[PDB]
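**Q** Got an experimental structure here, sequence first:
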Amino acid sequence: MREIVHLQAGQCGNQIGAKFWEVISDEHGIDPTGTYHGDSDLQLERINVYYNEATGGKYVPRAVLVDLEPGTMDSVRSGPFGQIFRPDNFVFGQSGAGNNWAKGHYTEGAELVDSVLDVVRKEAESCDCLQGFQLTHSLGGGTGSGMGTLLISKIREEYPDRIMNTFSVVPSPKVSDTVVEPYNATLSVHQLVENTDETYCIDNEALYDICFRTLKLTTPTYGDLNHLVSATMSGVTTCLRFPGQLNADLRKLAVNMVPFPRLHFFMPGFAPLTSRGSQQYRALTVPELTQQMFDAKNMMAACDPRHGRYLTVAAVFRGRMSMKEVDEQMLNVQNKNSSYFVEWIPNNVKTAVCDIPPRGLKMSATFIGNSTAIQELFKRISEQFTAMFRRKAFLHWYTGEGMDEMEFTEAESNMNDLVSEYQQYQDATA
Amino acid sequence: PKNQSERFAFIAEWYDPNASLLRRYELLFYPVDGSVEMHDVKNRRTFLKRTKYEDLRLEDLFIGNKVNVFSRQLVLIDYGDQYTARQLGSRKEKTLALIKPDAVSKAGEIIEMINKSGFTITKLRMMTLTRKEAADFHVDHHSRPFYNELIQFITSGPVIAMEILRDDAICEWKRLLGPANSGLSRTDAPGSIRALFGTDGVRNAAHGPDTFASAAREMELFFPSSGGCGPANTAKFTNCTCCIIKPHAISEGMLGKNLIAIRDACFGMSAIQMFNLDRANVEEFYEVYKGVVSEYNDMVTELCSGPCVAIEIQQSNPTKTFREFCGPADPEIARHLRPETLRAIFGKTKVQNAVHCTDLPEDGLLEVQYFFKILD
Amino acid sequence: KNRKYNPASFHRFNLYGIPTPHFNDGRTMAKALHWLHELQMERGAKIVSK
Amino acid sequence: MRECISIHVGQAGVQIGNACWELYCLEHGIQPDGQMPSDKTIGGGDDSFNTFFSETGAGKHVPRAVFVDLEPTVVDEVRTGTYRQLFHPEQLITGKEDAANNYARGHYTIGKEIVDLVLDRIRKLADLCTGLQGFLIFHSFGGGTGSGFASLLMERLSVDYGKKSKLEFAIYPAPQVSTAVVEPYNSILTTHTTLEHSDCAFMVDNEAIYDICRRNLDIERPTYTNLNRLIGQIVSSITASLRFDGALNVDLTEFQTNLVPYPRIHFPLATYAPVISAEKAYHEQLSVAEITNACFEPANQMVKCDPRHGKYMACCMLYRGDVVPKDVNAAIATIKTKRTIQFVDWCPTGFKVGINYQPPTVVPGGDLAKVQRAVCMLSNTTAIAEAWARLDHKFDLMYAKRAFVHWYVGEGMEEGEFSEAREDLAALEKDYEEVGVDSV
Amino acid sequence: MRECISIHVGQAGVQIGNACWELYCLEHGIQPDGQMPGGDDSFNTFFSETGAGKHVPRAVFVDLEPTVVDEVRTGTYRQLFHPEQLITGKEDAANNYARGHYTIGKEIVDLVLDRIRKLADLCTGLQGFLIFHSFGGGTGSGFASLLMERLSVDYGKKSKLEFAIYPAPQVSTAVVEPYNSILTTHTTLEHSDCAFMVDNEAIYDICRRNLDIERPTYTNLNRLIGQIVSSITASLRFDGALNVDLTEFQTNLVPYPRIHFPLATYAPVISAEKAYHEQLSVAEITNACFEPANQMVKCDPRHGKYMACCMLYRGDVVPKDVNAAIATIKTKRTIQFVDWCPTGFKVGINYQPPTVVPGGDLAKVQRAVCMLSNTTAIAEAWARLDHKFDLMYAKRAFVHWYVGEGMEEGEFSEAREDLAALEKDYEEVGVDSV
Ligand SMILES: Nc1nc2c(ncn2[C@@H]2O[C@H](COP(=O)(O)OP(=O)(O)OP(=O)(O)O)[C@@H](O)[C@H]2O)c(=O)[nH]1
Ligand SMILES: Nc1nc2c(ncn2[C@@H]2O[C@H](COP(=O)(O)OP(=O)(O)OP(=O)(O)O)[C@@H](O)[C@H]2O)c(=O)[nH]1
Ligand SMILES: Nc1nc2c(ncn2[C@@H]2O[C@H](COP(=O)(O)OP(=O)(O)O)[C@@H](O)[C@H]2O)c(=O)[nH]1
Ligand SMILES: [Mg+2]
Ligand SMILES: [Mg+2]
């Protein structure tokens, strides 16, 4: 019916994907061993979206972890829920791409793609009807940012009708850890805009601020980013695995999030982020929820929405409420904030409500929106990409791998093509 | 970390029910930070990272223990190396602690005195030894005088049987006993078991093992490693309810204190034995509690997390409702309204109530039977 | 040089730096996402005025 | 699985290998015999030792290092040393007669005798290893063996394994102090070798080490052992990501692609922090921002140069120990918010961050205190041009009189190659000038 | 949080730092090792905690002759301070501002600037640089002058409090000192927010007349200097009813940019024998604050008019008795205020009483007070100094040392003109518009 496979590429995708399979498995009460150890019946009804039944009641994740370096597998195999995975889903090579997009996309990737494609073919056939595909990768690496786009490129040709979604991690100029990071990004975004139904841009730096200010953790680690995205990752799919007062799924959003096929980039949000001190003075209500979604100290992207007008807004709410105010505050936030929403689309907001709360919490919500703020994140990329390219800097590996100079000129044209018509969609009259 | 300092290791065993094969693993512990590791043996991989496991402590590192590591009930079967044997377990030893039938009422005080002296109880059961089993104990006394008197006293009451593990346990457990003649013991020092409650040399409280060779003989007589339990349980399945002293209360050394608070309440203690049941037996017992309470698996986890003691509470006194003596399930509401309940005197977090007791009156015999007929 | 510091305080093997206890995996923010009111009710029931 | 082979050449290479393999055996827990401690043969699921050692039938682990020299003494002291049984007696390769500071001697006459033996031994070690990552070649530009034999060995190694990565650690003649006077000739002549047949070079001068250990370590009278411990610490910081696990694992290919802008520019500068004795770390609290500043102090560089006179093209950070990515981002933001540190117009992002869990160890009887956090810095900057400028000056003042040329000629080397190598080095300098040119 | 760095220069600076830091560790409870056995992080203004819990001060002793700093290295607090806080130069200026400002200082300028850089990087939100020197010593003049010149552009806004020993009008332990004192004044004019000119002679008179000590030493005066700086900084160090930061008293003590020269006073300075039978109260100590025989600068404020007053009580003091005292002080014809300040007073309240070092001179007294008086009665000492400098300079004696060092000769005349203009400005302030 509605089944999702969880592709997993690169070191950034692996840790996020691994910590994700942690998060849901408590929501379904599945042990490290892998048997059913929940309480309620609803906690075990729709595991078939992410889990495949095995003999004796064992449940296995539906995921394929891919990396050019086998060390990240060893980092994944041996964690808390490390061994739950399929012993043959790990497909890996002996040399890494070294953050080099071309080596992952062309040189070394061409040999590992076939072994990955058979495994996903087996898992695609294993379930009767697939709703979509799911894959996490950073845009500043070489394995996930590289071969992963090749994996998406092939798989659309195989399965065109299904949903392809990715949680791409976008590099931030303020804190950057790769000298060739924009080069990999500008080569990757062109792969994305051609082939993806939806995309969420996640920036580490926005999580760095959220950890520092909203939650006020003294020493956050890289588990903070992974856990916060994983909870967001589970929120967008709760209305699938679980019944709600108002139902939705990925395609329900997908039809309603994408006004034109080129615009599929979104900013994620999660409402109940409060520091341990702040818990003492807070009566759990929905008015402060919508307050906590819409203040943009909550965005996980690095683009302020006050600069860019909101096109389409969606907020999926998790927990048992009534809705007369979630329609009122819907209407309330739209009317008085007139200037920040597009005019040719009134009733800019779309909602989903799922009756089942998260573990450890009463109310929860996940916010996704399409806005003109994201155009600031692309035109900043051209600001450093052009700096390296005008001097042909750091070129000799990509040139030495066998491709030409044209591929960079085409990517920037399409990158500039996107923002120019995006700028047009900012400046249009109703 | 730095892969340095104390890094002791044991040999783990896990019964994988799906594969239906016993698998042996490399168990690793780092006492400096309390962290845990585990690696595959045959596949030459790493089973489990260096993550801390506060649920696993240095007190749990010994052979024949059922620890719970990431929901894997692990039995440690062998010292993983030489250097773990030299530091952790060179001189810790296991010795029998029988309590003769005179002092069975004083058990809850003596078990407290056992816990204060650092001993750790591993096997626990009350027994009724036959005459032939009694003669097997006193084989060393067959030539020696008063053989019949020594036999006649010992098979005249429900003998208590314990096994205590500690460093230098054989010497300390004999030292805690004091002189065998109870009259001599009071003159020597009242701070012994045979002096506080003992009356005469024949009716001293305990007659623990003396040497290693003597110890190994008697330990198999009571607690057979072969599984052929010799002395039958003293469990009269009549007008009774069962009480489980939960593992969290065991580790904090309240085992004797809970036993004291039952005996003075004029409740008959017909039967008491320790069972280190696994999760599957926990699910069968708590099968009725599945679904009604919103924390079934948390309630499941605590019983199999450590050692628990099941007690058959005989129904007596003009007021017999042991159900109310335990009191409200949450200790906090117990503390707020009815502090005289055990779940307020020995209260803790909501799950960590002092004991578990039967709720429906009909389920008393069934839960007694499941714990003292099939599991026994 | 031998500065001849206090014998019972200075040495070479003692670690001299600021301990910042930070834990890489999901525990801290897992308990942070665990709202405390659910933690208090899992601890037990609470009581207010008539 | 990652393995990297050490190819130490000359006395510098041999002593560096002594210090480095001592550090590695201490890091992994191997006694001088070459075993596990028997009573605590814990080991387990981690074969982090695999990148430097290899098992045998007897449960013993041999380093993947070849020490090659043309004079017996330097290796004979190892064969009589405490690590005599650590190494295989055929791994230690010696010549009857050395080159004696003569490039033509170590490159055309004496080296060719043992070329085949060295090639066979590296072939055997590569056969033992399964997935090879690279060669670590250690030498100096001064000594005749350490220049000529390294040159020819790498010349044949390139055609043997064109694609395997080749990291080159070498000791530059210092600007003022020197142990040789014929050395600039050899240093000029090996420029072609280190330019055409390498992927990354890590030139170090002794005099900066002198300055640093007398500045911070308070050793008024240090020695080559004190240099070698520091250099081995650099190598350990580079290879610890391969050895153990980390939050942001970075391999040799990763730092390669993030240090080298152009095929002719593969000369980054190494930097370590904190290099401090225990007395000084007592009162200073060390943290990530301040150690990062220590990485960018020009008086803490291994090279006698001022990077403020030039512009950075790339920087690689290797943080190790108890480190947090949040203070990492705070430190990099603080560094970027400065004007003294310049960056070229074509690297507004100019860093490659690696993060590692375990802190470095220290050896007993060393100079470095044990601290919870450390950092290595690899800066590809254009300020290194002046070192080869002074080298060209010095070479030219020799070459106007053809001093010491008769030795090379009698050895049998055609004289024009001196001028040819000068033209190549001059072209390299002009390429660095083009790098420094910014299109504003 | 709040923090001040101490930058003692010269022998006077290093000895003042010795006394002040002894008093600080005894005040907070620091053992000589540096380890702790109102306010919680009250040490955080002067200490940067290690990972072990030890506490390191925030000071850099700077000197151009190691013999002194060397006694500190051989002192008990070798376990307290850190050696690269203790910076020494090979050859001293030898009472030569020329040598201290142009020749020998430039060798160590970069090193000391880097050490202040690292300490200010340890500092998060900085409050103050407190610096100490003398107007007689060559190093304490020249090196301090160039250091302040650099610090002006390296910390534009940061408050840089300046404490200096002035040449006493009668007793002079140097003969070349008026030249250095004339020259140094340009730096304390153009590069300081507040300066604390104090001569030794008045301190000697006060400690003789009140403390009954017939034979004092530099330790005796230095303890009082440490007490003064302790009283100044205790409002920042611990909570008070009315806290007083540095910015407040700078705001409220300097009328014009050219005018930043207050006079310090502290009361009571009394031995225990004299203090048993004396009941002390706020009115008495306030009256003692204004007696001209207890002023630590050899001038009579009755010869001038006050423009500003900074009262700093400490101990068991109450705002109503403060207001009573301020009423009695304002109701007096002898004390004269300028016509353009009818309100001229700052009161700081502080909870804890001043501590007493063992082997000191001051008795443990439940209440004490400090005075920062900005009056026009201070130009007369510079008038004496200019007369001495003129009777020097009419002969061009000792000029040859500075000239052979290599400073231009007309800077002497330029500095004399600057001092003359400063005194004329103070006369303009003293003029009343009635
Ligand atoms: N860092 C460091 N450099 C060394 C050491 N030993 C020698 N060198 C350098 O090596 C250069 C000379 O080469 P050597 O390694 O001594 O000898 P070689 O490489 O065998 O060359 P030949 O002696 O001519 O055979 C000198 O200029 C030194 O700078 C050492 O222990 N540490
Ligand atoms: N009150 C007081 N004054 C001091 C002290 N030490 C030095 N002085 C004064 O400082 C002046 C001379 O300067 P010094 O401190 O001795 O040394 P300097 O300032 O570095 O100048 P040079 O001697 O040239 O190096 C003398 O006139 C003293 O009055 C002290 O401990 N207490
Ligand atoms: N959110 C998140 N990001 C990560 C994690 N680990 C690494 N990253 C990011 O991934 C980037 C490095 O990607 P890389 O490993 O080169 O990607 P690959 O080439 O596909 O393997 C870094 O800039 C990190 O910010 C993680 O656990 N969580
Ligand atoms: Mg040699
Ligand atoms: Mg002096």
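**A** Alright, I've got the coordinates. Numbering: from 1, shown residues only, chains lettered A, B, ... in the order given. Ligands and ions are numbered 1, 2, ... in the order given.
**Q** contacts and neighbour counts: CA atoms only from here.
**A** OK.
**Q** Name the residue closest to the centre of chain D, please.
**A** Among the residues of chain D, residue D:169 comes closest to the average C-alpha position under C-alpha atoms, centre = their mean, at 2.7 Å.
**Q** what are the phi and psi angles of that one?
**A** Comment: the main-chain dihedrals of residue D:169 come out as phi -100, psi 130, following degrees, to the nearest 10.
**Q** That one contacts residue D:205, doesn't it?
**A** No. With contact taken as C-alpha atoms under 8 Å, residue D:169 and residue D:205 are classed as non-touching, separated by 11.3 Å.
**Q** How about the contacts made by the residue of the stretch 101-250 of chain B at minimum distance from ligand 3?
**A** Of all residues in the stretch 101-250 of chain B, the one sitting closest to ligand 3 is residue B:248 (35.7 Å; C-alpha to the nearest ligand atom). The contact partners of residue B:248, by C-alpha atoms under 8 Å, 6 or more residues apart in numbering or on different chains, come to B:302, B:306, B:352.
**Q** In helices, which of those appear?
**A** Secondary-structure check on those using DSSP state H: residues within helices are residue B:302.
**Q** Return the closest of the contacts of residue B:248 with respect to chain A.
**A** Here the nearest of the contacts of residue B:248 to chain A, counting by C-alpha to the nearest C-alpha, is residue B:302; it sits at 13.9 Å.
**Q** element containing residue 20?
**A** All of this is about chain A. Taking DSSP states H and E as the criterion, the element that holds residue A:20 is helix A:10-27.
**Q** Summarise which helices and strands that helix is packed against.
**A** In terms of contacts (3 or more C-alpha pairs under 8 Å, 6 or more residues apart in numbering or on different chains; DSSP states H and E), helix A:10-27 is packed against strand A:4-9, strand A:63-67, helix A:71-77, strand A:132-138, helix A:222-235.
**Q** Could you dump those into JSON lines and include distance to residue A:382?
**A** Conversion of the helices and strands packed on helix A:10-27 to JSON lines gives the following (distance: least, C-alpha to C-alpha, whole Å):
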{"stretch": "strand A:4-9", "distance to residue A:382": "26"}
{"stretch": "strand A:63-67", "distance to residue A:382": "28"}
{"stretch": "helix A:71-77", "distance to residue A:382": "31"}
{"stretch": "strand A:132-138", "distance to residue A:382": "18"}
{"stretch": "helix A:222-235", "distance to residue A:382": "26"}
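**Q** closest to ligand 2 out of the ones you listed?
**A** Closest approach to ligand 2 among these (C-alpha to the nearest ligand atom): helix A:222-235, 52.8 Å.
**Q** who does that closest one touch, helix- and strand-wise?
**A** In terms of contacts (3+ C-alpha pairs under 8 Å, 6+ apart), helix A:222-235 is packed against helix A:10-27, helix A:204-213, strand A:265-270, strand A:364-371, helix C:27-33.
**Q** Looking at the ones you listed, spot the one closest to residue A:256.
**A** Counting by C-alpha to C-alpha, residue A:256 lies closest to strand A:364-371 out of the helices and strands packed on helix A:222-235; the figure is 10.6 Å.
**Q** who touches the residue of the stretch 151-300 of chain A found nearest chain E in this structure?
**A** At 15.4 Å from chain E, residue A:219 is the closest residue in the stretch 151-300 of chain A, using C-alpha to the nearest C-alpha. By C-alpha under 8 Å, 6+ apart, the residues touching residue A:219 are C:20-22, D:324, D:326.
**Q** Among those, which pair sits farthest apart?
**A** C:21 and D:326 (13.6 Å).
**Q** Tell me which of these two has more neighbours.
**A** For residue C:21 and residue D:326, the more surrounded residue by other C-alpha atoms under 10 Å in any protein chain shown is residue D:326, and the numbers stand at 19 against 9.
**Q** Great, nothing more from me.
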